[PDB]
Amino acid sequence: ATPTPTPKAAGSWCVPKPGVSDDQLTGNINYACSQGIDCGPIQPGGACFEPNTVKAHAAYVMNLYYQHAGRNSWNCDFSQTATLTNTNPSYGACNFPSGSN
């Protein structure tokens with residue numbers, strides 16, 4: 001009938017800790033990329049892309065992928081790096097993916 005906007009999600013965020021050994025996080029994209037919705041939609045937009053991290057791609061898909069299985073915390077199968085983090089880590093302009101696009 002009529003297109004209605006959506007609020008902001010909150011609770012937890014599944015993403016690789018920004019600091020771990022690049023090579024370590026890199027293992028994510030490699031694995032996740034073997035899922036389907038991982039490789040491809042990992043294209044940056046420009047908002048926070050730069051600087052762009054290695055496992056950045058994995059962090060992107062982590063949004064949909066996480067909600068692809070069952071939007072559960074166990075949806076994180078990337079690695080011991082990409083997992084549910086504390087409250088919204090987004091300090092501001094840079095918003096972390098919580099699942100919603």
# chains A, B, ... in the order shown; residues from 1 in each chain; ligands from 1
$ residues_around --residues "residue 22 (chain A)" --least-positions-apart "3" --cutoff "7 Å" --atoms "only C-alpha atoms" --output "ChimeraX atom specification"
/A:25-26,54
$ residues_around --residues "region 42-45 of chain A" --least-positions-apart "6" --cutoff "10 Å" --atoms "only C-alpha atoms" --output "list in words"
residues 29, 33, 52, 55, 56, 57, 58, 59, 60, 61 and 62 of chain A
$ closest_residue --among "A:11, A:16, A:5, A:51" --to "residue 77 (chain A)" --atoms "only C-alpha atoms"
A:16
$ closest_residue --among "A:101, A:95, A:28, A:53" --to "residue 82 (chain A)" --atoms "only C-alpha atoms"
A:28
$ closest_residue --among "A:9, A:32, A:48, A:64" --to "residue 93 (chain A)" --atoms "only C-alpha atoms"
A:48
$ residues_around --residues "residue 63 (chain A)" --least-positions-apart "6" --cutoff "9 Å" --atoms "only C-alpha atoms" --output "list in words"
residues 13, 14, 15, 97, 98, 99, 100 and 101 of chain A
$ write_last_selection --atoms "N, CA and C atoms" --output "tab-separated table (two decimals), in the first residue's frame"
chain	number	residue	atom	x	y	z
A	13	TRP	N	26.98	-7.12	16.91
A	13	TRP	CA	27.54	-6.97	15.57
A	13	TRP	C	28.62	-8.01	15.30
A	14	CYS	N	28.41	-8.82	14.27
A	14	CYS	CA	29.37	-9.86	13.91
A	14	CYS	C	30.38	-9.34	12.89
A	15	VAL	N	31.58	-9.02	13.36
A	15	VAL	CA	32.63	-8.52	12.48
A	15	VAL	C	34.01	-8.83	13.05
A	97	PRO	N	28.15	-3.04	10.51
A	97	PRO	CA	27.06	-3.89	10.02
A	97	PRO	C	26.47	-4.78	11.11
A	98	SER	N	25.18	-4.62	11.37
A	98	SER	CA	24.50	-5.41	12.39
A	98	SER	C	23.52	-6.39	11.75
A	99	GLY	N	23.50	-6.42	10.42
A	99	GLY	CA	22.61	-7.32	9.72
A	99	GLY	C	21.71	-6.59	8.74
A	100	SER	N	21.16	-5.46	9.17
A	100	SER	CA	20.27	-4.67	8.32
A	100	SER	C	21.06	-3.86	7.31
A	101	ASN	N	20.53	-3.77	6.09
A	101	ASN	CA	21.19	-3.02	5.02
A	101	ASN	C	20.90	-1.53	5.15
$ atom_distance --atom1 "CA of residue 78 (chain A)" --atom2 "CA of residue 31 (chain A)"
6.5 Å
$ atom_distance --atom1 "CA of residue 94 (chain A)" --atom2 "CA of residue 50 (chain A)"
11.0 Å
$ select_by_dssp --residues "chain A" --states "strand (DSSP E or B)" --output "number ranges by chain"
A: 13-16, 82-85
$ write_last_selection --atoms "N, CA, C and O atoms" --output "PDB file, in the first residue's frame"
ATOM      1  N   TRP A  13      26.982  -7.123  16.906  1.00  0.00           N
ATOM      2  CA  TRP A  13      27.542  -6.966  15.569  1.00  0.00           C
ATOM      3  C   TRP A  13      28.621  -8.010  15.304  1.00  0.00           C
ATOM      4  O   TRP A  13      29.620  -8.080  16.020  1.00  0.00           O
ATOM      5  N   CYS A  14      28.413  -8.819  14.271  1.00  0.00           N
ATOM      6  CA  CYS A  14      29.368  -9.861  13.910  1.00  0.00           C
ATOM      7  C   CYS A  14      30.375  -9.344  12.887  1.00  0.00           C
ATOM      8  O   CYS A  14      30.072  -9.238  11.699  1.00  0.00           O
ATOM      9  N   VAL A  15      31.577  -9.024  13.357  1.00  0.00           N
ATOM     10  CA  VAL A  15      32.631  -8.521  12.484  1.00  0.00           C
ATOM     11  C   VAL A  15      34.011  -8.825  13.055  1.00  0.00           C
ATOM     12  O   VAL A  15      34.196  -8.946  14.266  1.00  0.00           O
ATOM     13  N   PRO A  16      35.005  -8.952  12.164  1.00  0.00           N
ATOM     14  CA  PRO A  16      36.388  -9.243  12.556  1.00  0.00           C
ATOM     15  C   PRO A  16      37.046  -8.068  13.272  1.00  0.00           C
ATOM     16  O   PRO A  16      37.045  -6.943  12.772  1.00  0.00           O
ATOM     17  N   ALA A  82      36.049 -12.928  13.061  1.00  0.00           N
ATOM     18  CA  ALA A  82      34.733 -12.362  12.796  1.00  0.00           C
ATOM     19  C   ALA A  82      33.675 -12.981  13.704  1.00  0.00           C
ATOM     20  O   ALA A  82      33.217 -14.099  13.469  1.00  0.00           O
ATOM     21  N   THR A  83      33.291 -12.246  14.744  1.00  0.00           N
ATOM     22  CA  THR A  83      32.289 -12.724  15.689  1.00  0.00           C
ATOM     23  C   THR A  83      31.484 -11.566  16.268  1.00  0.00           C
ATOM     24  O   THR A  83      31.739 -10.402  15.957  1.00  0.00           O
ATOM     25  N   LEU A  84      30.513 -11.893  17.114  1.00  0.00           N
ATOM     26  CA  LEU A  84      29.671 -10.879  17.739  1.00  0.00           C
ATOM     27  C   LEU A  84      30.483 -10.007  18.692  1.00  0.00           C
ATOM     28  O   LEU A  84      31.168 -10.513  19.583  1.00  0.00           O
ATOM     29  N   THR A  85      30.402  -8.695  18.500  1.00  0.00           N
ATOM     30  CA  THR A  85      31.129  -7.753  19.342  1.00  0.00           C
ATOM     31  C   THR A  85      30.187  -7.033  20.300  1.00  0.00           C
ATOM     32  O   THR A  85      28.966  -7.124  20.171  1.00  0.00           O
TER      33      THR A  85
END
$ select_by_dssp --residues "chain A" --states "helix (DSSP H, G or I)" --output "ChimeraX atom specification"
/A:22-32,56-69,73-75
$ atom_distance --atom1 "CA of residue 75 (chain A)" --atom2 "CA of residue 27 (chain A)"
16.6 Å
